[PDB]
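Below is one structure, written out as structure tokens, with a few remarks after it.
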Amino acid sequence: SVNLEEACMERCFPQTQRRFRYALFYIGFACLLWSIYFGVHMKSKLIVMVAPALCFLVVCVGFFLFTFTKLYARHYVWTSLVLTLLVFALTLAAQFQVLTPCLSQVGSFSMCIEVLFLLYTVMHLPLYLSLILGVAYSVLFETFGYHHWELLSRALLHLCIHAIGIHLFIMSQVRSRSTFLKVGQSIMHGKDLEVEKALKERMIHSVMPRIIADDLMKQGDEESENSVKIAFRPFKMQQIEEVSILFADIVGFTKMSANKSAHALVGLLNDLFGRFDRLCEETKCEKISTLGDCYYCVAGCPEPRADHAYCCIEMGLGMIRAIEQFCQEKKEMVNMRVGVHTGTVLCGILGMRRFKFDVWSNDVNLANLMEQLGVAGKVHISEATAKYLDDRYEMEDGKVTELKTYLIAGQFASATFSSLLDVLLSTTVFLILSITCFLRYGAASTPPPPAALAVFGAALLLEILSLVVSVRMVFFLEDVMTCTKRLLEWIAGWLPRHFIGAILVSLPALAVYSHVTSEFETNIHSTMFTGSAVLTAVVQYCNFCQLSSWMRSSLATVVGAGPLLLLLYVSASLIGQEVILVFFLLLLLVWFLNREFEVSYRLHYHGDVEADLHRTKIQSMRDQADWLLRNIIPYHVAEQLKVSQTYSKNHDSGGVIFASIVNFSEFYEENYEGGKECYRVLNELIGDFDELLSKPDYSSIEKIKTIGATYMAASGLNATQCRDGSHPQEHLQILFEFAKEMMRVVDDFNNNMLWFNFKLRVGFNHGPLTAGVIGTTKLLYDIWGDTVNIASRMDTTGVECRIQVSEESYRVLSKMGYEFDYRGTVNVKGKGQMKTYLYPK
Amino acid sequence: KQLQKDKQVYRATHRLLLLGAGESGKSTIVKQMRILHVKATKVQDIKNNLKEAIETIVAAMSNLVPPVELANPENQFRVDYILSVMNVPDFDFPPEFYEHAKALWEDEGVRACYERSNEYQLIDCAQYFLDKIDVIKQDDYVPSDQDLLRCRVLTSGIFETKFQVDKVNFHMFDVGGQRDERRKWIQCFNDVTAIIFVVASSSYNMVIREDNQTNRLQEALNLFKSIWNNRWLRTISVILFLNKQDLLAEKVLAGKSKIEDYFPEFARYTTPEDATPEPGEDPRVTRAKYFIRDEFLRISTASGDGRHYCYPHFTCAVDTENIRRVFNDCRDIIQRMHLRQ
Ligand SMILES: CNc1ccccc1C(=O)O[C@H]1[C@@H](O)[C@H](n2cnc3c(=O)[nH]c(N)nc32)O[C@@H]1COP(=O)(O)OP(=O)(O)OP(=O)(O)O
Ligand SMILES: Nc1nc2c(ncn2[C@@H]2O[C@H](COP(=O)(O)OP(=O)(O)OP(O)(O)=S)[C@@H](O)[C@H]2O)c(=O)[nH]1
Ligand SMILES: C=C[C@@]1(C)CC(=O)[C@]2(O)[C@@]3(C)[C@@H](O)CCC(C)(C)[C@@H]3[C@H](O)[C@H](OC(C)=O)[C@@]2(C)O1
Ligand SMILES: [Mg+2]
Ligand SMILES: [Mn+2]
Ligand SMILES: [Mn+2]
């Protein structure tokens, strides 16, 4: 724009300073060659020449001193203006003392060439300024030449050399733009990539422990990088011995959370959960998951600890301090049971949707029943606990109320797009080149040889075929046929770039050798004119800045150096030192210069490639990280939480089902190395249920979490819009249709299974519910309500292979067109009796 | 670290899953491996093969509704002896018991019943056994390697072996083939190298011990169909063994049992012309083995999609040279599939 492009050249200051300093080196090189030509050869009659070049030299080293100064920031382009005005006074002052007999078109014109392109390359003037300075210097310099036959060709030289000059100018600073832009976006997307890498790192470290995370941190197996985007799916489980298990839960949880406004229960429940998280992080713990009212931890399955069980039981005494100190904070009438067992556990992660690091063993279930066999105030600890437990506590009988258990209480500017301009511009300037080569004849009407017209013919036909081929290759007509572009650029690789570039470069020198064969000094005006002609047209060769420096500069040296020296030697008396000395500064000039431009072009391509790669890596980082955010938490709770910290949401009517695999216990048998092949089967099944939800119409269902072998999902949350085509009970009905669907899916799963069947039972309820978020840096989205307890106690007691319906669901689904039958009225805790209906008939 | 070298030697091994129908000879093949390329229970379980055998025949005589009575009924105290020890897990094997099974083996209802024990459930290696028990009343001479290979043992539960053949790693599983054990077969579906399948040849007039109602051969066809179309088995080629060649050969020499009277696919069947014979060969034997070969290969025609193949070879459990030859060919083919991907 304005300010940032200004700061660009504020930091592109030292390199323009650098090339400008060696332009000053070229200026002292120029005063050096004036010093030798007026030093050894001739003009030993007046020594007027040497002093402005000598003060021009103390301008050179003196402004090399002045390059370092600090009154210089708003001065250095104006310092170039001072420099080129001393140039102008030097050449315009030293030109005129002629017309006595000797100095020809070649001398003063060569001066003007070196001055003009030393200006238009490096001196870093603006558009307007270098423009009118070059043009004004041209016209007053050529009328210094004078004091309608050949002067017309002089003006053709001047206007063509201006047009190629402004061409070089505009391409120079547009590369100066685009290089800076690519580098700037390259320095934004790298640090954005690093910060969002830290955000993804937070999402990994909010769901899982450190070990499997650090396997995901360095692509150690690319099965996981292939698992971000047939035989068996991969999943991590390790079967580890000598760990311990702590379960804790509130007794009598039925009525105690009645009058909560769904934030007060969040307040005390998440307050006690915050104190839980405090004592876990202070007591070196492995917390797992909140199962409604039950909270639980284990003892060091990544890190097997030396006094691990003591950490577990004194940790649970920490939970005794939690219930006494937070209860007598709030002055409640509540309590909690604790059951702790030492044993072996196979741990890991199943599933591929909403998954979570969980644990599995019958030792875990032993802890579950010790909570079921629990009692308040003291920790319920097994045989395998107390068999090695240092006896430093108060051990008591955990006896039956009706298995050997104790209690403890305490103690623009594109590449071929620019090649359009250097070729097309190169052939319009070639047009006025050969036009000027012939219509110098105003005292004649035709060039003598016909081979000149042959070079005109094949030259203009080759440049026009390159013209039409390139321009219809670019501007995308696609009317007749484009396969000849593919089949002819199919052989035009990076080396035919060199070669056809050498063709279009090398032919205009033969076109100024349209006047080369026979006589050219009957009039010497033809001779001096054709010398000035070929030294004019030789400057053309830089326009392909996109080929190499030794190659184009050497080829340019060949075609621009052969017949000049060689045609000086056949015979007009003394011109050689000055004419081919200025050929020498011409040649080192063109070598150094196009060398510089092709290096600049290569650096532009570099600075585009690297920014492209970093852009790709931040694209992959956003897909993987936001894929985890779409994994762990739901969508509009990400809309509420995404820019904030809290969440609590009432809900009034919603549907919820349980699914219960029955016979997984009898299928379990663990005579093998952990038996975890059976968990590979189970994980293939749960993964198939994961694939059931990726339908677009069945993207309206939200899976809650996995609970052992009990599956869980709900709906009535995705309709966050008051749409005009959304039925108030549609997700209920289609959720039932999905329930019969997944009945058919488990039927097909036992169809692949051999000689065996898995049974299951499902239970339904609609009603009001509670949307909530629990954790702090280790989170979980969860729902609550009496409704989930109703469907919970339903499908807990439900008969297999059938669909379990509530009486109110019986009231609604028939009028959505479904047949049922009355089963009875089964006892429901909290409800007394509740009237039961079933779907299969 | 050492995860990469251990995981690469984990790649470089040769795990062999050995499924197959019930009591086929899979454990016999594993015994053949430990005789080729590798201490008191043998007396026990061989003599319990003896006991369960002789009481299964002697009890099973009156169970045959074609009335099979004793041609020598004068050993009724030996009959009642076998009815006395009929259900007892403990026995001391006196020489008098050897006189009991000896003198039973002198009777011809035992021998024609051995010609007809396929009519019910009974072992198929007792003609070895009663001759050996005629010799091995004492066992001061330790019984041989053929004695090891005839030793019937019920097989269930995953047993593993890691033996090496000329810088070739062997870790393989014997798996049971009874119906209730079939819930355990997916335990070894974890990406094993090769799957080798074995069916007893003579099981075209016998039934399984589950129902005693349907032929073991059609049981084998059902099993091959149930594995052959799975969504977990499509990436492993199967090498198909057909064990118990010679028992089928002596039932051909019997000429009493016909598959075509049971399975009339064999009735209008003709012999295959792409054969590769055996020396001194009855063409009905050839049409038999090529018939059953075409029966399983006909099921292999129905699928595969060039993914999982079917390689029918042949073997019997009494040849060292056959296990040598076709198992070296197995090593060649599992070298190809071991470097398939
Ligand atoms: C009015 N209903 C509620 C309002 C707000 C928060 C919770 C409830 C509620 O109904 O809580 C019940 C379960 O939904 C809720 N709930 C408990 N575990 C789960 C669980 O694991 N999953 C789900 N979806 N809900 C659960 O706990 C309570 C019953 O726990 P249990 O039947 O497992 O026996 P307990 O754990 O010993 O409690 P108690 O016998 O001492 O009374
Ligand atoms: N004559 C003869 N007997 C055989 C042959 N193959 C196996 N047997 C006998 O059959 C008996 C049962 O074989 P066995 O190895 O136990 O079958 P299995 O398949 O491994 O047993 P399971 O896993 O199905 S329960 C063995 O005692 C063996 O001696 C054979 O080819 N010829
Ligand atoms: C699902 C497999 C198996 C055998 C493994 C297991 O240890 C359990 O998942 C635990 C203890 C275990 O997963 C901890 C969570 C939870 C839910 C409390 C389980 C149930 O009690 C399961 O029993 C029920 C009721 O499904 C149970 C016992 O089932
Ligand atoms: Mg076996
Ligand atoms: Mn409770
Ligand atoms: Mn609970």
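Chain labels follow the order of the structure tokens: the first chain is A, the next B, and so on; residue numbering restarts at 1 in every chain, and ligands are counted from 1 in their shown order.
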
Could you produce a table of the residues of chain A lying within 8 Å of ligand 1, with the nearest pair of atoms per residue and their separation in Å rounded to one decimal, using only C-alpha atoms and all ligand atoms, ordered by chain and increasing residue number, as CSV?
residue,atom,partner,partner_atom_place_in_ligand_line,distance
A:249,CA,ligand 1,36 (O),6.1
A:250,CA,ligand 1,41 (O),5.3
A:251,CA,ligand 1,41 (O),3.3
A:252,CA,ligand 1,41 (O),3.3
A:253,CA,ligand 1,42 (O),3.3
A:254,CA,ligand 1,42 (O),4.3
A:255,CA,ligand 1,1 (C),6.8
A:257,CA,ligand 1,5 (C),5.8
A:258,CA,ligand 1,1 (C),5.8
A:260,CA,ligand 1,5 (C),7.9
A:262,CA,ligand 1,5 (C),7.8
A:265,CA,ligand 1,5 (C),7.5
A:290,CA,ligand 1,21 (O),7.6
A:291,CA,ligand 1,21 (O),3.9
A:292,CA,ligand 1,19 (C),3.4
A:293,CA,ligand 1,17 (C),4.6
A:294,CA,ligand 1,36 (O),5.9
A:372,CA,ligand 1,37 (O),7.8
A:707,CA,ligand 1,21 (O),7.5
A:712,CA,ligand 1,24 (N),8.0
A:770,CA,ligand 1,5 (C),7.5
A:783,CA,ligand 1,24 (N),6.8
A:784,CA,ligand 1,6 (C),4.7
A:785,CA,ligand 1,4 (C),3.8
A:786,CA,ligand 1,2 (N),3.4
A:787,CA,ligand 1,2 (N),7.0
A:788,CA,ligand 1,14 (O),5.5
A:789,CA,ligand 1,14 (O),4.1
A:790,CA,ligand 1,10 (O),7.7
A:792,CA,ligand 1,24 (N),7.0
A:793,CA,ligand 1,32 (O),7.7

* Mind listing the residues within 7 Å of ligand 2, only C-alpha atoms and all ligand atoms counted, as a ChimeraX atom specification? -> /B:20-29,124-125,149-156,174-178,243-247,316-318

* To do: In Å, rounded to a single decimal, give me how far atom CA of residue 672 of chain A is from atom CA of residue 216 of chain B.
  => 29.0 Å

Counting only C-alpha atoms, a student should be able to say which residues of chain B come within 7 Å of chain A; what is the right answer, written as a compact mmCIF listing (two decimals) with C-alpha atoms, in the first residue's frame?
# COMPACT_ATOMS: atom_id res chain seq x y z
CA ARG B 182 -15.25 -71.13 17.59
CA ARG B 183 -15.80 -67.95 19.57
CA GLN B 187 -8.40 -64.03 18.62
CA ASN B 230 -15.46 -62.49 5.50
CA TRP B 232 -11.67 -59.69 7.81

* **Residues near residue 306 of chain B, cut-off 12 Å, only C-alpha atoms, skip fewer than 5 positions along chain, as a PyMOL selection string** => chain B and resi 234-237+300-301
